[PDB]
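S.K.: sharing an experimental structure here, sequence included.
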Amino acid sequence: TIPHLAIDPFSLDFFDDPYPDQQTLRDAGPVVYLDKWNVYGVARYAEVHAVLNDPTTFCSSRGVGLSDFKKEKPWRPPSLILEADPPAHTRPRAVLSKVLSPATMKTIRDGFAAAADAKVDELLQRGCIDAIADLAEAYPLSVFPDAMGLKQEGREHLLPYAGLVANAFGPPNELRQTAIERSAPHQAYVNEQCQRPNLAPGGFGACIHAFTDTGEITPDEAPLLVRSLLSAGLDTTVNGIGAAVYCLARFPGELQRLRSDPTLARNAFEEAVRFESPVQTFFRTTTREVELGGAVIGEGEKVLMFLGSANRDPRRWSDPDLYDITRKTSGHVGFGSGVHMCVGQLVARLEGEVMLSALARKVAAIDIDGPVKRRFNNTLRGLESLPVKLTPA
Ligand code: HEM
Ligand SMILES: CCc1ccc(C(=O)O)cc1
Ligand SMILES: [Cl-]
């Protein structure tokens, strides 16, 4: 009753161009079995949304990667929030939602907006830049480690650790193997920065430790929650800003609408998160036998959610393959949906908005003028190099 496909969603061929296979995954049926990794897959919007909004049946405490924590030991101690179900998830989640609250965004908006405007002006002096290294990476690296309260020493480990975390969500293919092997220096730096004496007062990390006074988390939970911000709060914003720049470089008409109305900067970033979906996939594990799309999935089964495919499903989105900055983007699952929906979404939107705002007010054109290279990661979709020429406004 369930179609069996041999497509490998974690293959280099797939990462290179996933859209044809994603339609094959969608049109084969609302639920598919992937023989390559012995998992269930859902690729349409309706099933991804339902699975994401049924945490009692599709749990996250047995891992959000392929590995089943009930079966194998995790490569690192489980995340107290991402790899937790309610009610264990609730109080650590409330702490991160307060640390990264709308009220906190007021304290960092001027610094983030200034750094964004300064970087675009700096890049306009050089003309021909790499939108990844010199823009997508340089800007988050210039605001987020300081907002965490991180010291200067050892920041070179932040991006390699983030790519390791994202790779480790995938199957035991070469990409995961080479990430985990000899990863101990990346882990030691991160785990050391998660301790209270290494976080500047007033930063996200110190503010987390400050919530141990409240009884929401214990002092020994706070470092793990700091690790969560250091695993997810940098690499994804990089790919997201690079995607937006990629779109504005591929859709020059949408760049011109953004110039004529910079207040579209925030929704233009949101649409870039739908269009490229930097977090492509996540896993759930069935708590019980469950009917999904006419298929009976047993207990203890891994279910793979194609977030990116759900954001391009023509059953839900009109013209899904077009970048449209005025599109009503609410309901896209680029940040998740439900109880685990990205608790850091306000930081990513803020970083994205002020960058696209900076581009909207200072740049006339963005033309690709060099070899484009894709970056391969079992979870993330993003570019290795995006050579563009910026024309000043
Ligand atoms: C373009 C940027 C980002 C994207 C596309 C993204 C994507 C996601 C997605 C899809 C989830 C759902 C995980 C699941 O349901 O299993 C998630 C959760 C999470 N994200 Fe983000 N993220 C982004 C940026 C950030 C930032 C900036 C932070 C922190 C500053 C962050 C921290 C987290 C955390 C801690 C969780 C776990 C929430 C929970 O389990 O309740 N992410 N993210
Ligand atoms: C969405 C990517 C992500 C990765 C790791 C964590 C965590 O460490 O809790 C949270 C989110
Ligand atoms: Cl670690």
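M.R.: Received it, and whenever you're ready, just let me know what you need. Numbering: from 1, shown residues only. Ligands and ions are numbered 1, 2, ... in the order given.

S.K.: how about the residues of the stretch 251-393 of the chain near ligand 2?
M.R.: Neighbours of ligand 2 within the stretch 251-393 of the chain, by CB under 6 Å from any ligand atom: residue 279. C-betas here are computed from N, CA, C, even on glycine.

S.K.: which residue is it, in the stretch 251-393 of the chain, that comes closest to ligand 1?
M.R.: Evaluated by CB to the nearest ligand atom, the stretch 251-393 of the chain has residue 344 as its residue closest to ligand 1, separated by 2.2 Å.

S.K.: can you report how many residues neighbour that residue?
M.R.: 20 (other CB atoms under 10 Å).

S.K.: pretty sure it contacts residue 101?
M.R.: No - when contacts are counted by CB atoms under 8 Å, residue 344 is not listed as touching residue 101 (11.0 Å).

S.K.: still on that earlier bit, so how far is residue 100 from the residue of the stretch 251-393 of the chain closest to ligand 1?
M.R.: Going from residue 344 to residue 100 by CB to CB, to the nearest Å gives 5 Å.

S.K.: and residue 381, that one's in a strand?
M.R.: Yes - per DSSP: H, G, I helix; E, B strand; the rest coil, residue 381 lies within a strand segment.

S.K.: list the residues that contact the residue of the stretch 251-393 of the chain closest to ligand 1.
M.R.: Taking CB atoms under 8 Å, 6 or more residues apart in numbering as the contact definition, residue 344 lies against 96, 100, 229, 232-233.

S.K.: what about 6 Å?
M.R.: Contact analysis of residue 344 by CB atoms under 6 Å, 6 or more residues apart in numbering lists 100, 233.

S.K.: could you shift the numbering so residue one becomes 594, and keep it that way?
M.R.: Understood, numbering begins at 594; the last thing we discussed is residue 937.

S.K.: which bits of this structure sit near ligand 1?
M.R.: 653, 657, 674-675, 686, 689, 693, 821-822, 825-826, 829-830, 833, 866, 871-872, 875, 900, 927-929, 933, 935-937, 940-941.

S.K.: right, and ligand 3 sits closest to which residue of this structure?
M.R.: residue 780 (4.0 Å; CB to the ion).

S.K.: does residue 676 belong to a helix, a strand or coil?
M.R.: coil.

S.K.: apologies, that question was intended for residue 660.
M.R.: coil.

S.K.: one step back: quick check: next helix or strand after the helix or strand where the residue of the chain closest to ligand 3 lies?
M.R.: Assigned by DSSP states H and E, residue 780 belongs to helix 777-786. Later in the chain than helix 777-786, the nearest helix or strand by DSSP H and E is helix 797-803.

S.K.: ok, residue 658 to residue 896 distance?
M.R.: For residue 658, the distance to residue 896 - CB to CB - is 12 Å.

S.K.: who has more neighbours out of those two?
M.R.: The neighbour comparison of residue 658 against residue 896 (other CB under 10 Å) goes to residue 658, with 25 against 22.

S.K.: I'd say that one and residue 760 touch.
M.R.: No - using CB atoms under 6 Å as the test, residue 658 is too far from residue 760 to be in contact (9.5 Å).

S.K.: end to end, how far does stretch 793-802 reach?
M.R.: 11 Å (CA to CA, to the nearest Å).

S.K.: buried stuff in it?
M.R.: Of the residues in stretch 793-802, 796-802 count as buried by neighbour count, 16 or more other CB atoms under 10 Å.

S.K.: hang on, the earlier thing: ok, now how distant is the residue of the chain closest to ligand 3 from ligand 2?
M.R.: 12 Å (CB to the nearest ligand atom, to the nearest Å).
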